[PDB]
Amino acid sequence: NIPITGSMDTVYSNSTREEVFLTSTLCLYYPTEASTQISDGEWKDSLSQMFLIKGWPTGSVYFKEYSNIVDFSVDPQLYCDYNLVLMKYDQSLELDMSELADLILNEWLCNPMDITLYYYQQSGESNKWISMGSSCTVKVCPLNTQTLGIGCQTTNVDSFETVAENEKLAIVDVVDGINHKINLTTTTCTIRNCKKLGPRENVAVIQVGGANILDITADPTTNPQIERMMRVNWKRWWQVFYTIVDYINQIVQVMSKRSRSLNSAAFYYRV
Amino acid sequence: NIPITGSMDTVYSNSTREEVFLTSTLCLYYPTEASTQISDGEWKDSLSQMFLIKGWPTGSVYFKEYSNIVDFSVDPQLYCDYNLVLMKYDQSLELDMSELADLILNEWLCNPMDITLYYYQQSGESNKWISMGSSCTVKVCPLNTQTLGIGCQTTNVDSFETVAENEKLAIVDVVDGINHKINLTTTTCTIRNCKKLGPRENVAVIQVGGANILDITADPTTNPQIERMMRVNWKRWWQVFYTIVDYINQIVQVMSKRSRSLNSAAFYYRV
Amino acid sequence: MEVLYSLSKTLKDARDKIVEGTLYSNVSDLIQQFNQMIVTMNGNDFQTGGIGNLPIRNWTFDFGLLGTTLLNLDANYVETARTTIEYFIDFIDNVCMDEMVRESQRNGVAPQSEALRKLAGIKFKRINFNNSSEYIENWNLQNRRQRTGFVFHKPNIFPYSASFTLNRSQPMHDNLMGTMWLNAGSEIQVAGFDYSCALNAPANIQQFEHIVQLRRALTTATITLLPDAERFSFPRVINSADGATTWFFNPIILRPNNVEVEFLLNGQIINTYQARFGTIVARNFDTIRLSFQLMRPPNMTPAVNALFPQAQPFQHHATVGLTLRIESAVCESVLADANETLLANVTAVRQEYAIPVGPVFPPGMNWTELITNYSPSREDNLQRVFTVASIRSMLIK
Amino acid sequence: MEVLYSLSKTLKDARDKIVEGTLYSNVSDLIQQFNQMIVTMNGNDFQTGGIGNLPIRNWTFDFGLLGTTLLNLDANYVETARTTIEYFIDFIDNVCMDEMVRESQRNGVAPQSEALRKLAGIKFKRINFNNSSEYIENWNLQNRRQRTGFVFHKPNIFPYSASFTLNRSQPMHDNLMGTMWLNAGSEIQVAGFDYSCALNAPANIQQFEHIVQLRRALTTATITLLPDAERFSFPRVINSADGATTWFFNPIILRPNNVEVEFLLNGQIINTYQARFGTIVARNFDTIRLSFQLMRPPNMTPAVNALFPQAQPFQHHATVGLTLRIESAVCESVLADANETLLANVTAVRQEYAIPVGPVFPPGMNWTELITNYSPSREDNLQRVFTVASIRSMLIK
Ligand SMILES: *[C@@H]1O[C@H](CO)[C@@H](O[C@@H]2O[C@H](CO)[C@@H](O[C@@H]3O[C@H](CO)[C@@H](O)[C@H](O)[C@@H]3O)[C@H](O)[C@H]2NC(C)=O)[C@H](O)[C@H]1NC(C)=O
Ligand SMILES: *[C@@H]1O[C@H](CO)[C@@H](O)[C@H](O)[C@H]1NC(C)=O
Ligand SMILES: *[C@@H]1O[C@H](CO)[C@@H](O)[C@H](O)[C@H]1NC(C)=O
Ligand SMILES: *[C@@H]1O[C@H](CO)[C@@H](O)[C@H](O)[C@H]1NC(C)=O
Ligand SMILES: [Ca+2]
Ligand SMILES: [Ca+2]
Ligand SMILES: [Ca+2]
Ligand SMILES: [Ca+2]
Ligand SMILES: [Ca+2]
Ligand SMILES: [Ca+2]
Ligand SMILES: [Ca+2]
Ligand SMILES: [Ca+2]
């Protein structure tokens, strides 16, 4: 990117809220239990009308149901332009909720790994391995410079140190600098070596249940709170949706349009 | 549109072909009989590998099969960034092929019509009514100043003047400046009042069969052979597809980036 | 500097009037003036050149006065006079070259070239002969500051510029509208064009306007205004404004209706010619506003009707042009011309000796970039070097 | 104009030295000068004003000489002298005022104000008394062309300019890097900021550079260089380059390590100082290159460590800065300062009578637009009016 000079006395431009709502799409991702509690089915159209009151065109708001948190965790495809992810917190799903939130909230440049053949290190702090599928069970075995396992025999998989089992998604970090031999269940899960770029400013995750538990930064030392990790108490999904619709201006202001030149085609939902 | 001044001595810029091939996507709409005659199914992957030689990355090409021309006419969504439409010509399908070509090649601004309440005029030359559905049989009864039929009785649908029968897609032009009553099978077919804006730069139509017959301009006087209505003879669909792949540079040179502040959201296959 | 002009004038008149067989009454006054020049220049040493490749040369003056007893000139008289005159002409030419090449940014009117700075002193005022040429008398007026004036035939006042503007556009460049012009030397050629041929314009009238700003206001200028601009009336392909792509257009020339030409001085409408072609005049004008229109022909033979369709394609693009020559003008400041070799002389003298690029004139003295920015310091130095070029061209053509 | 300064000087001397009881020894030569001035100015008719609201006035001089037979000055001498002197002071004040309101695009240094133009004539050359003040001295030197020097205290050579450049930018403006600067008056405050605090930079060192070009080459300037540019060292909300949105800037001031200032004249290293704050000297220069480095500290207490993470957010934004005052300087061309009141005098005289915007100067004569484009013609007019204002301030305050 070339330099961009600017003056400190340029007059503030007119507001672009009208332009952006006229030329962007809002993109809700809600759990199926939401609709089941709603017990309706004109509600998508009614919410589209209530968004039209706020300013979006009639078709610019797109609702996407998902089964539950882990089932959305496997392969999150965000087919649209400003992504809101409703996320109901329930106990024992803290880590998988955090994994999903991290994966959608950060941009990842990443490429496959042929587990059965090579041994893999990790470049540094911003290099994880992302495993996705029906049932991922990573079983790692660190090696030495002599290529012999430590805490594990290179052949006996039974001695491999499991670090996740039966998770739809797993963002696994291992010691950075050690050649690891991996076993992962090639049929029902695939593992890809991924590196963390800047934030994915296109998404925003709304935790619906209890206290702040999301820790997208895998580092223990830092647990930053991002503007895009919203949290709202709830008892009724209608109340949740009404709050989101009413304060959509604040949400989309907090969120920003994506900025990353992709090399891959996909189905987006644009205007 | 603000003015944009430009010199007449600036040096020609380098070739942008590689930039656009890396930044855009191509998508081919072909009939099912193409695959039937090809008698294969590694052929999509083979053609993607073949395009990669001409310089389109692996994910850039999207093959969207459609059953046949009349069935694809009904509300065609062109999920792409550069659209090719292979269009096999058969005798007696001239008007329907022309209808589809007009629809996709020309940019339309369409408004809903409520046949059951209002009698509709046509504003001028650029206005048409497009009816799309499983079987559209639009019958028109023109009306007087006192809303009484001429050549028809407003309440007897049998005396109406049929202008399309059982057609998946009909672009009807009636005499401008006269109110009409419409009978169209409301459960099956949807009719919209559309105005033709400028052309759509995104799409190109490769007529595959016979003589130069497409007439996009409903005016009898003008029959302009637009550059995007390409034509080629055929005996083998493999030969057709190899022709397209070899001459892809010329086709996308003929086409150009779409330019319109749309308002209707829809899925696109962009990178 | 007026001393330099008087030296050139008296040497020219010596070369001309001192000829064999002529009466002495024809040249009594000239011989007296030549003797004054000899006896006032005697004893003075001059240093010329020393910039670029222009060689350093020293001039010393010790000459004998021309005779006066002779009642009718003969071969001896004229050849001795020629021996003196050749040396003097050489000195004048070298001084003029020096003052052409030298430059200044503050007080451009002042003499550079220490030879000319010496000549500007008070001792050499007795040489002042008469200041009659147009350049020298404008120079004396400036020195005595008053209203100067230079008469120019076809003055190149416009910087060379070919360009266009698109008031309606799109990436396909298939339906455009706007203007496209050249301003070069003394010619303005402006052509408005519309691909729709005013299909949707109000009343089928498309408006085009083009405002040209002169660096110096021209006085009592004769102009030839014709319709149907030449250069913008044949099919051609032009790179877009960004330069990313190129766009075609195929002109169909039309009558430019209710054309107006305003000649403006400080935004004040000084002259206004409405639908009048041929030769026109402007008293005093700093800006030219060419306004014209493209009217869709209300009636149309089938040929033209097929030519301009109501549909989209627009395969032939309607245009309407205007050509405007400035045949002659009077300018307060100095300009190059088609009739005067002053700019050519100055530029040639700089190039022949490879003068380093100065702080005020542009590299190579290209007139286009010199008149695109024609600041007063640049004007002062230009007037100085042009007047020196006139003085030199009196002798060395 | 030299004669105008002589008039002002001799009136100031007359008002200060012709006082009750002072010996004739103290004032004999002054009386001789005054008598010469009276004799020269008698029998003339000057006209002053006629531009804007400045009223036309007519000045006629018929004043008797001053006595010389008095051993020691008494009262009556002083009253006669004063009734002459107030008239002369009013005349000189009006002449300077009318001169300060007139411009000339061509030949600025030549006088305007027909009164002053008449004073320039050969008749009044016997008034030339003394040319002592700095401004008249430099005027005489320019006419006597050679080096001129004006010594300035806090010269406002820098046009007002506040702006930033971003070498790493995102539409969210959360991980930025670049510089900001205020050049105003004699201040250059520059601050290079990095939001990541040099994580991925080579060796955790981020190089910041800032180039400042002077419109005139200052000479022998004392410059106070300090770290920690204050103005860019507290939270701020800055409009983006195109004004679309506004970004947040939350400084943490690191040391600027291995700073390096280069003072350059015609693009060659004239002076260089590394890690040398306090009072420095620029011998002769035309541009200032300030190059500093943001070096991430390797060792950190936990507070600093918490401030600068390796992660994405970057709540606190590291920065370094320099402040550079030009305490004093010497320039070849006239400038405004924080010491002399010449710009104030000229601007006040223009505004008092509502002079219309002239050809050469900017509207209102604002120093930012006057110095940002400081062409030679503008410099000529500015020197003329500044010298006239300095002349006027001798008598009128
Ligand atoms: C344009 O013309 C067609 C041709 O008639 C119209 O179809 C008519 O639609 C109505 C309502 O759907 C049908 O009414 C039916 O009547 C029977 C008894 O008459 C009753 O059992 C049904 O419950 C229903 O009410 C009518 O039969 C049908 N006509 C035919 C010949 O089938 C069509 O509705 C017209 N378009 C519009 C917009 O009205
Ligand atoms: C400019 O801002 C004002 C807010 O007072 C708004 O009413 C107006 O529509 C805006 N104009 C544009 C062109 O956005
Ligand atoms: C992992 O270990 C199990 C049990 O030994 C084996 O069936 C499976 O093939 C192994 N997978 C890989 C990728 O080695
Ligand atoms: C454009 O083409 C020329 C000739 O092939 C080449 O020298 C130049 O580098 C190209 N431009 C760019 C930006 O690479
Ligand atoms: Ca998980
Ligand atoms: Ca083990
Ligand atoms: Ca790691
Ligand atoms: Ca953490
Ligand atoms: Ca009938
Ligand atoms: Ca049809
Ligand atoms: Ca019609
Ligand atoms: Ca037709």
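Tabulated data
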{"quantity": "Candidate set from the range A:86-121 (those that are of a type in the set (D, E, K, R) and away from ligand 3 (no atom under 16 Å from the Cβ)); member that is farthest from the other protein chains (Cβ to nearest Cβ)", "calculated": "A:90"}
{"quantity": "Top-ranked residue in the range C:256-305 [being polar (S, T, N, Q) and on the phi > 0 side of the Ramachandran plot; ranked as surrounded by the fewest Cβ atoms within 10 Å (Cβ to Cβ)]", "calculated": "C:266"}
{"quantity": "Residue in the range B:58-77 that is of a type in the set (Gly, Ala, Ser), outside any strand (DSSP E or B) and under 19 Å from residue B:245 (Cβ atoms) present", "calculated": "yes"}
{"quantity": "Every residue from the range A:137-160 that is away from ligand 3 (no atom under 12 Å from the Cβ) and either within 14 Å of chain D (Cβ to nearest Cβ) or under 32 Å from the mean Cα position of the chain (by Cα) (or both)", "calculated": "A:142, A:143"}
{"quantity": "Test: residue in the range D:168-178 that is within 12 Å of chain A (Cβ to nearest Cβ), under 24 Å from residue D:277 (Cα atoms) and buried (at least 17 other Cβ atoms within 10 Å of the Cβ)", "calculated": "yes"}
{"quantity": "Residue within the range C:337-357 that is within 14 Å of another protein chain (Cβ to nearest Cβ) and within 16 Å of the chain's Cα centre (by Cα) present", "calculated": "no"}
{"quantity": "Test: residue in the range A:140-156 that is within 18 Å of residue A:99 (Cβ to Cβ) and away from ligand 2 (no atom under 16 Å from the Cβ)", "calculated": "yes"}
{"quantity": "Leading residue by the ranking (nearest to the other protein chains (Cβ to nearest Cβ)) among those in the range D:201-235 that are under 18 Å from residue D:165 (Cα atoms) and buried (at least 19 other Cβ atoms within 10 Å of the Cβ)", "calculated": "D:232"}
{"quantity": "Any hit, the range D:313-336, residues being among the hydroxyl-bearing types (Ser, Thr, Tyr) and free of Cβ contacts under 8 Å to residues at least 12 places away in the same chain", "calculated": "no"}
{"quantity": "Which numbered condition residue D:238 fails, given (1) at positive phi; (2) within 14 Å of chain A (Cβ to nearest Cβ)", "calculated": "(1)"}
{"quantity": "Exclusive hit being over 30 Å from residue C:308 (Cβ atoms) and away from ligand 1 (no atom under 16 Å from the Cβ), set B:228, B:200, B:192, B:236", "calculated": "B:236"}
{"quantity": "Some residue of the range A:113-131 being more than 16 Å from ligand 8 (Cβ to nearest atom), within 19 Å of residue A:78 (Cα to Cα), within 14 Å of the chain's Cα centre (by Cα) and of a type outside the set (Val, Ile, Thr)", "calculated": "yes"}
{"quantity": "In the range D:29-64, the residues that are charged (D, E, K, R), over 19 Å from residue D:17 (Cα atoms), without any contact (Cβ under 8 Å) to a residue 24 or more places away in the chain and outside any loop (DSSP other than H, G, I, E, B)", "calculated": "D:45"}
{"quantity": "Close pairs (8 angstrom Cβ cut-off, 6 or more residues apart or separate chains): facing another protein chain (nearest Cβ under 7 Å) and among the aromatic types (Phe, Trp, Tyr) in the range A:1-20, more than 16 Å from ligand 9 (Cβ to nearest atom) and not in a strand (DSSP E or B) anywhere", "calculated": "A:12/D:243"}
{"quantity": "Among residues of the range A:54-88, those that are β-branched (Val, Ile, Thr) and closer than 25 Å to residue A:227 by Cβ, counted", "calculated": "3"}
{"quantity": "The range C:306-328, residues that are part of a strand (DSSP E or B) and either surrounded by fewer than 17 Cβ atoms within 10 Å (Cβ to Cβ) or within 14 Å of chain B (Cβ to nearest Cβ) (or both)", "calculated": "C:327"}
{"quantity": "Pairs, first at the interface with chain C (Cβ under 9 Å from one of its Cβ atoms) in the range D:369-388, second charged (D, E, K, R), C-beta under 8 Å, six or more apart", "calculated": "D:376/C:106; D:377/D:106; D:379/C:106; D:380/C:106"}
{"quantity": "Odd one out for residue C:246 among (1) within 30 Å of the chain's Cα centre (by Cα); (2) within 14 Å of chain B (Cβ to nearest Cβ)", "calculated": "(1)"}
{"quantity": "Unmet criterion (only one of (1) within 28 Å of residue B:262 (Cα to Cα); (2) within 14 Å of chain C (Cβ to nearest Cβ); (3) in contact with a strand residue (DSSP E or B) (Cβ under 9 Å, 6 or more places away or on another chain); (4) surrounded by 13 or more Cβ atoms within 10 Å (Cβ to Cβ)) for residue B:74", "calculated": "(2)"}
{"quantity": "Candidate set: the range B:90-146, residues that are of a type in the set (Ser, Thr, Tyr) and within 15 Å of ligand 10 (Cβ to nearest atom); chosen: the one nearest to residue B:201 (Cα to Cα)", "calculated": "B:98"}
{"quantity": "Conditions (1) within 18 Å of residue D:382 (Cβ to Cβ); (2) out of contact with any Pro (no Cβ under 9 Å at 6 or more places or on another chain); (3) in contact (Cβ under 8 Å) with a residue 24 or more places away in the chain; number of the one not met by residue D:185", "calculated": "(2)"}
{"quantity": "Whichever residue in the range A:204-232 is polar (S, T, N, Q) and more than 13 Å from chain D (Cβ to nearest Cβ) and, among such residues, is nearest to ligand 9 (Cβ to nearest atom)", "calculated": "A:207"}
{"quantity": "Search result, residues across the range B:139-166 that are over 25 Å from residue B:187 (Cα atoms) and hydrophobic (A, V, I, L, M, F, W, C)", "calculated": "B:148, B:150"}
{"quantity": "Unmet requirement for residue B:181, which otherwise passes all of (1) away from ligand 9 (no atom under 16 Å from the Cβ); (2) more than 30 Å from residue B:253 (Cβ to Cβ)", "calculated": "(1)"}
{"quantity": "Qualifying positions in the range D:154-163 - buried (at least 22 other Cβ atoms within 10 Å of the Cβ) and either in a strand (DSSP E or B) or within 14 Å of chain A (Cβ to nearest Cβ) (or both)", "calculated": "D:158"}
{"quantity": "Residue list for the range B:24-37, filter: more than 7 Å from every other protein chain (Cβ to nearest Cβ) and either buried (at least 16 other Cβ atoms within 10 Å of the Cβ) or within 16 Å of ligand 5 (Cβ to nearest atom) (or both)", "calculated": "B:24, B:26, B:27, B:28, B:29, B:30, B:31, B:34, B:35"}
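Each row is one residue, and each column tells you yes or no for (1) closer than 27 Å to residue D:355 by Cβ; (2) assigned to a helix (DSSP H, G or I).
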| site | (1), (2) |
| --- | --- |
| D:77 | no, yes |
| D:81 | no, yes |
| D:92 | yes, yes |
| D:95 | yes, yes |
| D:101 | yes, no |
| D:108 | yes, no |
| D:137 | no, yes |
| D:147 | no, no |
| D:152 | yes, no |
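Throughout, read-outs are computed from the coordinates displayed, never taken from laboratory work. Cβ: placed from backbone, ideal geometry, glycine included. Neighbour counts: every protein chain shown.
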